[PDB]
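Encoded as structure tokens, the structure appears first; notes follow it.
Counting convention: from 1, in listed order, for ligands and their atoms alike. Count residues from 1 along the sequence.
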Amino acid sequence: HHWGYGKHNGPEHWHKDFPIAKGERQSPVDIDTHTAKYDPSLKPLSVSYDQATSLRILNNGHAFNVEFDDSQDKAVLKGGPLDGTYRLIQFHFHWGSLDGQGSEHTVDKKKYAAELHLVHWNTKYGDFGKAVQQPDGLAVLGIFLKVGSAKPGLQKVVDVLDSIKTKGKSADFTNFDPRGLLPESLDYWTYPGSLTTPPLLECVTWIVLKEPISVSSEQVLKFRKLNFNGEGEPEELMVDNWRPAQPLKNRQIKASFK
Ligand SMILES: Cc1c(Cl)c([N+](=O)[O-])nn1CC(=O)Nc1ccc(S(N)(=O)=O)cc1
Ligand SMILES: [Zn+2]
């Protein structure tokens with residue numbers, strides 16, 4: 001009886017195994033755009049993905065991850081609110097059963113159809129496992145998805161999902177360029193938070209882009225064909241794998257833009 005997204009193991013239950021669920025810097029949050037303060041000291045975000053080396057795509061039973069070789073100084077996030085250099089390790093999405101929900105962060109209570117998380121670890125801690133034990137260990141770049149025109153740079157991901165329908169399936173997924181998932185603008189909000197799935201560790205500087213990307217209805221429909229269950233188990237579609245907004249408590253959300 002491990003954690004998931006259902007009535008009996010979903011977000012409202014996670015605090016029993018992971019008491020930090022009720023902590024002081026949990027994610028996601030609602031971004032109140034009128035209360036977020038423009039901070040002219042914030043730097044432009046530096047996203048340098050020219051040398052990113054995707055390796056593999058994995059259905060891990062809660063989402064799918066596109067994994068990167070993070071053994072060298074490649075694919076890194078700097079600037080913005082960050083001190084020093086953060087290296088890309090994986091990306092994944094959260095999405096809904098319907099186009100009207102799926103994002104983890106919300107904007108003035110608006111839910112997007114999905115949310116992309118590009119996960120990076122602070123190179124001062126040497127690798128990901130040590131970084132998650134630190135309050136400035138990770139930087140997650142969050143990007144909203146709305147349904148409209150297709151995102152051509154997403155299609156390679158969509159097309160491999162049939163090969164990882166079920167929990168534990170992976171496929172080689174080399175040469176995927178995450179630059180194709182980025183909107184035009186790097187305007188962002190930022191706040192201190194947590195992992196949005198167990199273990200819910202309070203180690204993340206969240207950077208949420210204002211501009212969503214558009215994906216087609218057909219692209220997101222293919223996300224919704226994935227399964228939470230393993231092969232030869234009763235089918236439970238992988239949908240609504242999002243945690244709701246958590247209390248802001250004593251935090252300030254800062255905007256990079258006026
Ligand atoms: C904790 C841990 C360790 Cl340590 C390892 N490892 O292999 O070294 N893997 N993981 C798993 C993990 O929880 N990651 C995670 C990343 C991003 C998010 S999100 N939705 O972007 O906030 C939530 C969870
Ligand atoms: Zn996530």
### Task
Locate the shortest heavy-atom distance separating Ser103 from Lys110; write the atom from each residue and the value.
OG-O, 4.5 Å

### Task
Can you sort out the partners of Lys109 under side chain to side chain donor-acceptor pair (under 3.5 Å), two or more places apart, ordered by chain and number?
none

### Task
Report yes if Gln90 has an N/O atom closer than 3.5 Å to an N/O atom of ligand 1; otherwise report no.
no

### Query
Has ligand 1 got any nitrogen or oxygen that is less than 3.5 angstrom from a nitrogen or oxygen of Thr196?
yes

Donor-acceptor side-chain pairing of [X] and [Y] below 3.5 angstrom:
X: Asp30; Y: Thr106; value: yes
X: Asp69; Y: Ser71; value: yes
X: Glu236; Y: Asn229; value: no
X: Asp17; Y: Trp3; value: no

Number the atoms of ligand 1 from 1 as they appear, then name those within less than 4.0 Å of a heavy atom of [X], with their elements.
X: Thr197; answer: 23 (C), 24 (C)
X: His94; answer: 20 (N)
X: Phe128; answer: 2 (C), 3 (C), 5 (C), 6 (N), 8 (O), 9 (N), 10 (N), 14 (N)
X: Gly129; answer: 4 (Cl)

### Task
Name the orientation class of the two ring planes belonging to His92 and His94 (parallel below 30°, tilted from 30 to 60°, perpendicular beyond 60°).
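Ring orientation of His92 relative to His94: perpendicular.
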
### Task
Taking the six-membered ring for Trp and the single ring otherwise, decide whether the centroids of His105 and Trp189 are under 6.0 Å apart.
no

### Task
Assess the pair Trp242 and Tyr5: is the distance between their ring centroids shorter than 6.0 Å?
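Aromatic pair excluded; centres sit 6.0 Å or further apart.
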
### Query
Given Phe64, which of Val160, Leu58, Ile164 fulfils the side-chain contact (heavy atoms from CB on, under 4.5 Å) condition?
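For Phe64, the side-chain contact (heavy atoms from CB on, under 4.5 Å) check succeeds only for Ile164.
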
### Task
Determine whether the side chain, the backbone, both or neither of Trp206 has a heavy atom under 4.0 Å from any heavy atom of ligand 1.
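Answer for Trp206: side chain.
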
### Query
Which one holds for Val119 and ligand 1: side chain close, backbone close, both close, or neither close, with close meaning a heavy atom under 4.0 Å?
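Near ligand 1, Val119 shows its side chain, while the N, CA, C and O stay back.
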
### Query
Is there a side chain to side chain contact (heavy atoms under 4.5 Å, CB included) between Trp121 and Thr123 once you walk through the steps?
CA-CA 6 Å; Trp121 54 272; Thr123 60; 4.3 Å; yes

### Task
Provide the tally of protein N/O/S atoms nearer than 2.8 Å to the Zn ion (ligand 2).
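Atoms of protein N, O or S type lying less than 2.8 Å from the Zn ion (ligand 2) total 3.
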
### Task
Compute the minimum heavy-atom distance from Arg243 to ligand 1 and say whether it is under 4.0 Å.
no

### Query
Counting heavy atoms only, which of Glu115, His92, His62 comes nearest to atom 21 (O) of ligand 1?
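Looking at heavy atoms only, the winner is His92.
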
